[PDB]
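Peer 1: so I've got this experimental structure, pasted below with the sequence.
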Amino acid sequence: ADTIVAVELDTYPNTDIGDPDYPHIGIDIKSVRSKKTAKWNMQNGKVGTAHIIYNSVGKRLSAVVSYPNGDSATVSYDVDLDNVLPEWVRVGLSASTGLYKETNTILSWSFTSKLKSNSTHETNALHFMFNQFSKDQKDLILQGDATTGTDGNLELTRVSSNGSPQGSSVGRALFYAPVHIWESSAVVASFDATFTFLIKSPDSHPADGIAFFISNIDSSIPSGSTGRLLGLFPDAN
Ligand SMILES: CO[C@H]1O[C@H](CO)[C@@H](O)[C@H](O)[C@@H]1O[C@H]1O[C@H](CO)[C@@H](O)[C@H](O)[C@@H]1O
Ligand SMILES: [Ca+2]
Ligand SMILES: [Mn+2]
């Protein structure tokens, strides 16, 4: 299977697989069953911002998700990602819907990874920023139902022409270039990601969420990973 590290914005409590009984943000290390969660107020129809931060010094993967009214949720988890991820990864966004649904609209996404080795600024770095997506976004690998639009957005999961999100959808977007996420001689290996998103649902209980994830370079949507598996995992183990 793929190796996945993810920050999930999980809109739908699947309490049978260890979700807390509320929408939550979570840090997922090789399992959809978050190692750490925090209660999250998803604001229907509002634009949220997720920030994900990690560095190999503090070895603490942190995320905050906020809305313009100042509400936010944060989760941090101490983890040495050297021992979790392969040296080379791809980074992406993933989302799903299920029996319940929501738009999983990404309005922007940025990412920075740096490897700072030994001495003065001999550093490798990758940064990308999308504040507008184009219909044919050649530097994104779109998987599943994910599309980019003339509207400038990345719709991770299916949305009708009429703007209605569809159930049973899963989609991801990975940045085209592999990322050298850590390296043995790197004194600091850090990454940061930010994305903004608009989750809107007619459903009184939207589902299923959006994740920022880091995976092996050849990561693909696992079979049967709509709904609670967020397009990240082949099962709920
Ligand atoms: C009730 O459980 C389903 O829906 C929730 C909310 O969307 C998901 O978290 C959960 O994984 C289940 O989704 C599966 O079943 C749905 C139909 O019941 C289907 O639409 C989904 O694609 C998924 O297979
Ligand atoms: Ca869930
Ligand atoms: Mn969860």
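Peer 2: Arrived safely, thanks for sending. Numbering: from 1, shown residues only. Ligands and ions are numbered 1, 2, ... in the order given.
Peer 1: quickly note the distance from the spatially most central residue of the chain to ligand 3.
Peer 2: Closest residue to the average C-alpha location of the chain: residue 212 at 1.3 Å, with CA atoms, centre = their mean. Distance, residue 212 to ligand 3, by CB to the ion, to the nearest Å: 14 Å. Where C-beta positions appear, they are placed from N, C-alpha and C, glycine not excepted.
Peer 1: then residue 153?
Peer 2: For residue 153, the distance to ligand 3 - CB to the ion - is 24 Å.
Peer 1: residues from this structure in reach of ligand 3?
Peer 2: Proximity of the chain to ligand 3, by CB under 5 Å from the ion, involves residues 10, 19, 26.
Peer 1: how about the last one: what's its closest non-neighbour residue?
Peer 2: Once its chain neighbours are removed from consideration, residue 26 has its nearest residue in residue 34; the separation is 3.0 Å (CB to CB, 6 or more residues apart in numbering).
Peer 1: can you count the residues close to residue 80?
Peer 2: 12 (other CB atoms under 10 Å).
Peer 1: which ones are touching it?
Peer 2: Counting by CB atoms under 8 Å, 6 or more residues apart in numbering, residue 80 touches 56, 59.
Peer 1: for the residue nearest to residue 26, the count of nearby residues, please.
Peer 2: 22.
Peer 1: that one contacts residue 28, correct?
Peer 2: Yes: between residue 34 and residue 28 there is a contact at 5.3 Å, judged by CB atoms under 8 Å.
Peer 1: identify the contacts common to the two.
Peer 2: residue 8.
Peer 1: and the gap between the residue nearest to residue 26 and residue 7?
Peer 2: Separation of residue 34 from residue 7 (CB to CB, to the nearest Å): 9 Å.
Peer 1: equivalent analysis for residue 131, please.
Peer 2: Where residue 7 is concerned, residue 131 sits at a distance of 20 Å (CB to CB).
Peer 1: and if you look at residue 49?
Peer 2: 13 Å.
Peer 1: looking at those two, which is more packed in?
Peer 2: Per other CB under 10 Å, whichever of residue 49 and residue 7 has more neighbours is residue 7, with 29 against 16.
Peer 1: okay but that one is in contact with residue 214, surely?
Peer 2: No: contact criterion CB under 8 Å: residue 7 and residue 214 do not qualify, at 9.4 Å.
Peer 1: so what sits against both of the two?
Peer 2: Joint contacts of residue 7 and residue 214 (CB under 8 Å, 6+ apart) do not exist.
Peer 1: start and end of stretch 216-236, how far apart?
Peer 2: 19 Å (CA to CA, to the nearest Å).
Peer 1: packing partners of whatever helix or strand residue 215 lives in?
Peer 2: Counting by DSSP states H and E, the element that carries residue 215 is strand 209-216. Judged by 3 or more CB pairs under 8 Å, 6 or more residues apart in numbering; DSSP states H and E, strand 209-216 is in contact with strand 4-10, strand 47-55, strand 88-96, strand 186-198.
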